[PDB]
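Asks: Quick check, what structure comes out for this input:
(chains A and B, ligands or ions: 2)
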Amino acid sequence: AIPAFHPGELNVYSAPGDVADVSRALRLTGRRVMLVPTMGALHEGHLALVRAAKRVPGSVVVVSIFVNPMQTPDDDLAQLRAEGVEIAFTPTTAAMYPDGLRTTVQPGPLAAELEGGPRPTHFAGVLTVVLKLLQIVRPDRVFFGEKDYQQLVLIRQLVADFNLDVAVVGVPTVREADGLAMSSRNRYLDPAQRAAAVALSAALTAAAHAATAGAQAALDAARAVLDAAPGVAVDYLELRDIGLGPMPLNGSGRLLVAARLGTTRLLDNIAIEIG
Amino acid sequence: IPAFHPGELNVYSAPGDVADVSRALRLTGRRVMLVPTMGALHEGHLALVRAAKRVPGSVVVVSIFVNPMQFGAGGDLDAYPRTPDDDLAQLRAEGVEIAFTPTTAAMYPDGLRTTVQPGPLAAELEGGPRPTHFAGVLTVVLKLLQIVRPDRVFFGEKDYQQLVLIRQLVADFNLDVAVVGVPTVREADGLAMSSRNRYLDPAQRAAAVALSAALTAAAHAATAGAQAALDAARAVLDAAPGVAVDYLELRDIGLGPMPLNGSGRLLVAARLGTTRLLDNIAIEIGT
Ligand SMILES: Nc1ncnc2c1ncn2[C@@H]1O[C@H](CS)[C@@H](O)[C@H]1O
Ligand SMILES: Nc1ncnc2c1ncn2[C@@H]1O[C@H](CS)[C@@H](O)[C@H]1O
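Replies: Numbering: from 1, shown residues only, chains lettered A, B, ... in the order given. Ligands and ions are numbered 1, 2, ... in the order given. Have a look at this structure:
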């Protein structure tokens, strides 16, 4: 028997089997299932993913909230209700890993680069949990923020490599009024650090416009902006092609930056067109 | 959707083609059964097909793909038997409606990029000397499952460790498929059917009966306990001309981090010349 589903209400399920059965039932009724994976602590960045999901005709939106150990619940659920989301999937660690860590996903070599520098097993954790959520929910489309661009690219590789039948949708980064990419970590910044943190986005946008003068001009313009900020320890600043391989001589690319401000690590990235 | 002629064998090479046909069939109420093979089909494979065929409303998809990722150099990959004309003929005789015969390029267009990392069981038994073998197997089976999206997938008990690892894959990635283990098909003397049996000369073929003899002796000896069962198997293997034992192990049925209780599996691997043979059997202790 299919678990109870009340249309137009927020339906919260903690058992993987329960959301699996409801999702399957709903798709048969002519809904298109949209999945928005989160770790809770929702902000406007996450709501942008939800809104993208909602606008697909026939959509029913599943938002998962799960703090993946391998990589405010009441408030989160209120935000989802306010957005008209019909399904929240809130599993426990034990429900997701009933046999502990056993079979896992091993990413390709991109996972060792950039963010994989300090955190060499982070993306194995991410792709493992994402693969599981895809299999539990079986959505037609799954939504991720462009802010975590390397994550987004690795998920596209997961989907292609394992022949997954789901469309991956990248959603543009939501930003504060001065350009700073929205992140739960931003609140940890003291006033000086918060003022200095504007250099990430300013550096990237400066580079995007400098890029008419070529790749080197774009990189140099970004480095200059970061060089004008105090207490911003740049971990990397790299221009790559859109799949995060080596940047071609001309054409489309992505510029990525990460920096530490005190104990807080921030990331940002932007589309670049060379020439 | 490419053409599907029902009641005939339809052969598709493109993953997109079989995926489209499978989806179309499932949407009209047919239940899709998948039998993954590496070809060189014998009666053991046909038992899997027949098990699949008897699921009511079933449409049977047999994949044939000699998966490069589960082989290590040199050597073994080139040496694997390929008898595609016989394979397809056998599937026609069995009334299988779909054969999926993908190319290496279609399966691995990006080489080895994202892969499946099996649990600790993949390092043991068959995996000991071949530490990447089961990552190859689990990666291809995952892909086949995603392409075909069957209701049920059929594997032989002969490769018992592989069957266990596939159940792990299915559980650990929350795959919506039932895994069906099918009992080992044997020659009249007990020898487990294998595409590798073709490499036994008449003398080696005679000697090879020792594996199944040893296992069945142990299964009956087991009323007297584990030591008795193992020593009965060892005695038979020891009496066998030119059988070189790699391992003989009695484990819990899941082969995992749990001690043997009342139900186990006895597994053997042995070399007859250059041919490595496997077999296994259910064991009940004091029963
Ligand atoms: N400022 C932002 N804009 C867009 N998406 C964002 C974001 N901050 C986080 N996200 C997105 O939220 C998800 C959390 S698991 C992930 O897809 C991340 O990329
Ligand atoms: N003698 C036999 N009896 C039953 N199944 C067998 C078999 N020999 C091989 N198989 C089965 O055929 C498949 C080839 S990839 C695999 O599931 C193996 O376990």
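Asks: Just say helix, strand or coil for residue A:105.
Replies: At residue A:105 the chain is in strand, as set by DSSP: H, G, I helix; E, B strand; the rest coil.
Asks: So it is in contact with residue B:114, correct?
Replies: Yes. Residue A:105 is in contact with residue B:114 according to C-beta atoms under 8 Å; the separation is 6.5 Å. All C-beta spots, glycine's among them, are computed from the backbone N, C-alpha and C.
Asks: so what sits against both of these two?
Replies: Counting by C-beta atoms under 8 Å, 6 or more residues apart in numbering or on different chains, the contacts common to residue A:105 and residue B:114 are A:127, A:158.
Asks: Those two: which is more packed in?
Replies: The neighbour comparison of residue A:105 against residue B:114 (other C-beta atoms under 10 Å in any protein chain shown) goes to residue A:105, with 26 against 23.
Asks: Okay, and the beta partners of that one?
Replies: Beta-bridge partners of residue A:105, counted by DSSP bridges, are residue B:116.
Asks: does any part of stretch A:249-263 sit near ligand 1?
Replies: No. Contact of stretch A:249-263 with ligand 1 (C-beta under 6 Å from any ligand atom) is absent, the minimum separation being 13.3 Å.
Asks: Could you list the domains of chain A?
Replies: Per curated CATH domains, the structural domains of chain A span A:1-172, A:173-275.
Asks: My guess is residue A:126 contacts residue A:71. True?
Replies: Yes. Contact status for residue A:126 versus residue A:71: in contact at 4.9 Å, counting by C-beta under 8 Å.
Asks: how far does stretch A:255-266 stretch from start to finish?
Replies: One end of stretch A:255-266 sits 15 Å from the other (C-alpha to C-alpha, to the nearest Å).
Asks: what about that stretch, distance to the chain center?
Replies: Centroid separation for stretch A:255-266 versus its chain: 16 Å, with C-alpha atoms, centre = their mean, to the nearest Å.
Asks: Show me what it is in contact with.
Replies: Contacts of stretch A:255-266 (C-beta under 8 Å, 6+ apart): A:114-115, A:149-150, A:181, A:183, A:185-186, A:188-190, A:193, A:196-197, A:200, A:203-204, A:207-208, A:218-219, A:222, A:226, A:231-240, A:267-270, A:272.
Asks: Can you name the residues of chain A sitting close to ligand 1?
Replies: Close to ligand 1, as judged by C-beta under 6 Å from any ligand atom, chain A has residues A:37-39, A:45-46, A:48-49, A:144-145, A:147-148, A:171, A:173-174, A:181-183.
Asks: could you redo the last one with a cut-off of 8 Å?
Replies: Within chain A, the positions adjacent to ligand 1 are A:36-39, A:43-46, A:48-49, A:143-148, A:151-152, A:171-175, A:181-183 by C-beta under 8 Å from any ligand atom.
Asks: Go ahead and confirm residue A:80 touches residue A:88.
Replies: Yes. Using C-beta under 8 Å, residue A:80 is in contact with residue A:88, at 5.6 Å.
Asks: Any idea which residue of chain A lies closest to ligand 1?
Replies: residue A:145 (2.2 Å; C-beta to the nearest ligand atom).
Asks: which ones are touching that residue?
Replies: Neighbours of residue A:145 in contact, by C-beta under 8 Å, 6+ apart: A:45, A:46, A:48, A:49, A:152, A:170, A:171, A:173, A:174.
Asks: okay but the last one is in contact with residue A:48, surely?
Replies: Yes. Assessed by C-beta under 8 Å, residue A:174 is found in contact with residue A:48 at 4.8 Å.
Asks: Tell me the residues of the stretch 151-275 of chain A that contact ligand 2?
Replies: Checking the stretch 151-275 of chain A against ligand 2 by C-beta under 8 Å from any ligand atom, there are no hits.
Asks: and residue A:23, what is it in contact with?
Replies: A:33, A:62, A:87, A:136, A:137, A:138, A:139.
Asks: Enumerate every residue touching the last one.
Replies: So the one you mean is residue A:139. Counting by C-beta under 8 Å, 6+ apart, residue A:139 makes contact with A:23, A:33, A:34, A:35, A:62, A:166.
Asks: Give me the distance between it and chain B.
Replies: With distances taken as C-beta to the nearest C-beta, to the nearest Å, residue A:139 is found 13 Å from chain B.
Asks: Please apply the same query to the first one.
Replies: Applying C-beta to the nearest C-beta, one obtains 13 Å for the distance of residue A:33 from chain B.
Asks: what's the answer for residue A:251, then?
Replies: On the measure of C-beta to the nearest C-beta, residue A:251 and chain B end up 20 Å apart.
Asks: thought that residue was touching residue A:274?
Replies: Yes. Here residue A:251 reaches residue A:274: they are 6.2 Å apart, a contact under C-beta under 8 Å.
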